[PDB]
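Working notes, beginning with the structure itself.
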Amino acid sequence: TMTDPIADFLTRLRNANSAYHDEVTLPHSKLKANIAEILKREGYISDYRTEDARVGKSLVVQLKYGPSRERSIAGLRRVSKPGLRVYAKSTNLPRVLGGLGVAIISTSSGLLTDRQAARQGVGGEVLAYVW
Amino acid sequence: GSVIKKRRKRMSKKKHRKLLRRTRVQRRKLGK
Amino acid sequence: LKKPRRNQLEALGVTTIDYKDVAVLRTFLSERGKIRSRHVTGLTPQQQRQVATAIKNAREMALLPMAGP
Amino acid sequence: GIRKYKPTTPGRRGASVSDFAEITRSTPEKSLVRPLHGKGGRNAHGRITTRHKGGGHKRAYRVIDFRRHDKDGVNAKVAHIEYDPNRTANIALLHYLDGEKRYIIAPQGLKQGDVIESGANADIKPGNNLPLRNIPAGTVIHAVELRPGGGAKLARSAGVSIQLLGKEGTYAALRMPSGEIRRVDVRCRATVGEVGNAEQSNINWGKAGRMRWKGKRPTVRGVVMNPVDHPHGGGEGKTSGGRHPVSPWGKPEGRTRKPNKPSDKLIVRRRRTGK
RNA sequence: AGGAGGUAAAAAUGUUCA
RNA sequence: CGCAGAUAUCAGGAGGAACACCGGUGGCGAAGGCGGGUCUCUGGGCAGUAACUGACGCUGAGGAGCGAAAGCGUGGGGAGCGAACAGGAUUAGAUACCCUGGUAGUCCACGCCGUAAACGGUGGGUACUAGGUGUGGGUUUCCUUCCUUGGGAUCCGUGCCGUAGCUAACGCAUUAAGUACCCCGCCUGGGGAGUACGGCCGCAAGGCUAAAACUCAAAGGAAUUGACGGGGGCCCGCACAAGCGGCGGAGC
RNA sequence: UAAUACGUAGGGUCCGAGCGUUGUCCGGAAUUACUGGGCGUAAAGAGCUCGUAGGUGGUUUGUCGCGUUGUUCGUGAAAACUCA
């Protein structure tokens, strides 16, 4: 069955970005919403709406493309998977794409990039690389 | 893929089973 | 209601297929006493299967011949 | 069915016995028990006529009704099913509603409480006795009379049965257990069904003593007798007879049925061999 | 364009490096 | 085989096995597999309703069960077919292909076996990612003939084609071999060898687990160019066929 | 029989009181792949299911703070390694 909606979310994003879709609807989770907020702030998506479905709540990500359909995202990669959770200390955080990327880190200071995590001196669960 | 890979195993198995049919009673007198 | 769509037994003349209604089953038979295929009749698989079973029961009760000639 | 003994002794290794399962009573009905005494295979002269007989467990004869002619329309209920040493089949004790108690051959499928009918207006069920004029074709029957009133002669052993093939006139054609097809007067009566205890054949009697209890004395082979005793006798070392197979009285192998018999015209097809 | 089935029986092998 | 009255034909009977047409890129089943009809008993699935429980789910080591065909046991049966076998033929020889027969077996009952190119050579579950076209089952809806397999929407299937993507390529392509997550099984050069020893299972056959020594510098996969084919198609040539004249036999 | 692959000469080259060989280990070998592989046809999906242990776990509130993470203390002998 479903085992990580984080990877589901990243995959919906990746496949829609490959197919040049403008929207991505999926189920809602507070964690996925926070991830979408990070992606919005780092500029990998245009916006994200949280709306109501027939049963629960949905996330509608308005993706972003340039004028010549340049994919605003070039890759997504779940890292802390179920079955193998990976945790990063503040020192050995990962540099995605030589730093031009963004690693999503879950910490007790919240959900924040590797840059923010190194700034705040903390680390935690490495959810994704979203160059 | 190719059937040569079948034919090699085929010949090995054929010869082995011939050997067994040939040594059936010897093998029985020894094992049993 | 033409041959590629003549399921009268679903559309009109909607007759409950019975092993007794030989007047009905004769149209779904050849002169040689064989069952006609869907591609000639126009029937859905359900109605063809029911007609076939009807014909076989009728043959078992001599209301139709096996090998008419 | 069959109970296979466990190999606690070499006389019990592969042995089997009946699981007397369809049997309900260990004791017989005393009114229907005539006595019996062994003969030893010996006749009025006191001389062995049939060899390989004697010893034997004591036995008593259960009066079987092979002539079920006097109870037509008088139903019965199978009161018991019992062991009979005189036969391979078991026997069913019937209580007729007129109070008569009788024994029959215990067909297959028959149990306590099953109601047995006799006569022409009887149902075609196991155990019911009818004339063949009233039994339809393709029916499996047993305990058939060869003659009207003569009593059941045919299809009496365990597991056995007769297949009524057809009725043309006053003659009903019967496939017999041997495969022999023969004609019998339709007036002859038959019990419907097949005889029970068909598992009997599959019994391994395990040891010599068991057949000595059953009354089978040892059978000596002629090739180890002397020529004065048997044609096959003689020879230094083993022999296959030194001649073609014969009886101890020199009769060769071959058909011993008397030709020109009366039954030759009733018989349609002798049995088959080899095929 | 629309519409049955067929027949060639058997007839092997290939020193050298290549 | 017949001429001892065969084949053929007509009538009747016995018995066995399989079920023409329906019947197919069709349906069901976890797979194996399932096709005469009826009855009985029974399992699974799908759609719709959303009444219910409220993550109870997914996978599954080992284990257990099911598991084509052949085979084995016991007991029946045995028409046809038919290993073996026997003749005949072909052949240099033919333990073969072909023919004539024909045993086990195929069939039934109960049980063993437990393998297969058991193949979609593709483990199961879930989510997503262009469409087109058939077809099977069901729900609805709109033109309305208010005829209606007229069409559309949707769920579950099953096929063909075709994007993106993937692939060594062939090809896969919403029934993924794509994008991803969970779990399991399996691989780690070819042989030796799925063999030996040991053990387990098995009546047996044999199966399951499973090596090493030694040996090779490859084995392999896909595709290309040719060549070849007792493969195909089209076309030619004294190539054959149709004819004439010769050689091979004599002497030189 | 016309050898830059053998042997020798010259000449060149790589090292240099060393040079070569053998043996052993790692590497190269992403060739047991955690980093870092795969299984349609290359070796590789058990014949298929059921299901035990195990692994894994939809949305959500609160809590524990076990994992996780931060900080600090103690220890992590010396030598080694590294920096100066």
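So you know, we letter chains A, B, ... as the sequences are listed, proteins then strands, and number each from 1.
Entry note: G/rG76 and G/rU32 fail the pairing test, Watson-Crick or G-U wobble at under 3.5 angstrom for both distances. Base-pair annotation: F/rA14 with F/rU144 fails the Watson-Crick or G-U wobble criterion (two N/O distances, each under 3.5 Å). With both atom-pair distances required to fall under 3.5 Å, no Watson-Crick or G-U wobble pair links F/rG12 to F/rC107. For the criterion of Watson-Crick or G-U wobble pairing, both bonds shorter than 3.5 Å, the nucleotides F/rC10 and F/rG101 do not count as partners.
Side chain to side chain, C/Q50 and C/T53 fail the donor-acceptor criterion of an N or O pair below 3.5 Å. Looking at A/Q120 and A/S109, their side chains do bring a donor and an acceptor atom within 3.5 Å of each other.
Sugar conformation, G/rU52: north. The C1'-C2'-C3'-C4' torsion carries a positive sign. Judged by the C1'-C2'-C3'-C4' torsion, the sugar of F/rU135 sits on the north side, since the angle is positive. Pucker annotation for F/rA64 reads north, on the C3'-endo side, since its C1'-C2'-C3'-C4' dihedral is above zero. Judged by the sign of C1'-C2'-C3'-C4', the furanose ring of F/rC119 adopts a south, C2'-endo-like conformation.
Judged by the 6.0 Å and 45° rule, C/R36 forms no cation-pi pair with C/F28. Under a cutoff of 6.0 Å and an axis angle of 45°, A/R69 and A/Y65 form a cation-pi pair.
The base of F/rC22 is not paired with the side chain of C/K34 by any donor and acceptor separated by under 3.5 Å. Not a single donor-acceptor pair, N or O on each side, falls under 3.5 Å between the base of F/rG23 and the side chain of C/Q48. Taking 3.5 Å as the limit, the base of F/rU179 and the side chain of A/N15 contain a donor-acceptor pair of atoms between them.
Along RNA chain F, the nucleotide nearest C/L12 and the nucleotide nearest A/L13 are compared for position; the residue whose nucleotide lies closer to the 5' end is A/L13. Ranked by how close their nearest RNA chain F nucleotide is to the 5' end, A/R71 and B/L20 are led by A/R71.
Contact annotation: B/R21 side-chain N/O to F/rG206 OP1/OP2 distance is not under 4.0 Å. Contact between the side-chain N/O atoms of B/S12 and the OP1/OP2 oxygens of F/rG194 is found at a separation under 4.0 Å.
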